[PDB]
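A single chain, nothing else alongside it, follows as structure tokens in the form deposited in one PDB entry.
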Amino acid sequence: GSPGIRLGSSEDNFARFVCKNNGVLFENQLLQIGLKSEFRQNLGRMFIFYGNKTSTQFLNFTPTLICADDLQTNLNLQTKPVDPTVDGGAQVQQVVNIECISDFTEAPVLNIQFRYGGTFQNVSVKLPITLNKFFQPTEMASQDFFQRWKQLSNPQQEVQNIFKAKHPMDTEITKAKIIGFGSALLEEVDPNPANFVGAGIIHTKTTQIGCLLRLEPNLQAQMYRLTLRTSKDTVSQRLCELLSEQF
């Protein structure tokens, strides 16, 4: 969160990669950075595609991943060097292996440096590696769900956000958003068929966080009430912020 117009900034399309893994993360007039990713347990693999849109080669093409001081102890990224020479119109691929150590909020920074026509081209963009990517969806009957829902003791483990919808409140879109977010989508848990209930486990090296959630649309008001309940306060916080921005 920064002050000032978010256009041509480091996170123009970051939000579009929270509930889906593929797409074009950034594109200026020389380069297009695409993404393809997959996650399992507390791990993942992200493919980064660098497309040269010009008629000439990029030289000394050097992409670097940067994780803030805290992020680093919570997220582990490993990758191999990319050939510093990218022909015009060509695409070069970089594989990033991901390991989530513990829950985190911050996002890694992708820095790209390269020479074009003899000039220094420098690009920075936030990498859409978010906490919900390490979700293991967990289907369960309504009875099980409520049993688990009422085991919350810590009031801090319950985060509720009442917000204005930033998008049309389409049902099918909303469904896809929740499924894409990562938890399982449980049917017939909330008696009101217009609401959505979710449940899943967030996987990290050191701890497994059980998470429950409830999304309540109010069509006339054009508002939502999202309710998160997990076994870890910081997890409940981060997932609520992430999901809130999607609707």
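We number the residues from 1 along the sequence you see.
If you look for the form solved in complex with a partner chain, you will not find it shown, but the lines that follow are about it.
Its partner chain in the deposited bound form comes within 4.5 Å of no heavy atom belonging to residue 15. With a 4.5 Å cutoff on heavy atoms, residue 119 does not count as touching its partner chain in the deposited bound form; it lies far away. Under a 4.5 angstroms non-hydrogen atom cutoff, its partner chain in the deposited bound form lacks residue 203 among its neighbouring residues. Contact annotation: residue 67 falls outside 4.5 Å of its partner chain in the deposited bound form, judged by heavy atom distances. Exactly one listed residue, out of 78, 151, 154, 91, brings a non-hydrogen atom to within 4.5 Å of its partner chain in the deposited bound form: 91. Proximity to its partner chain in the deposited bound form, defined as a heavy atom within 4.5 Å, holds among 46, 33, 199, 178 only for 33.
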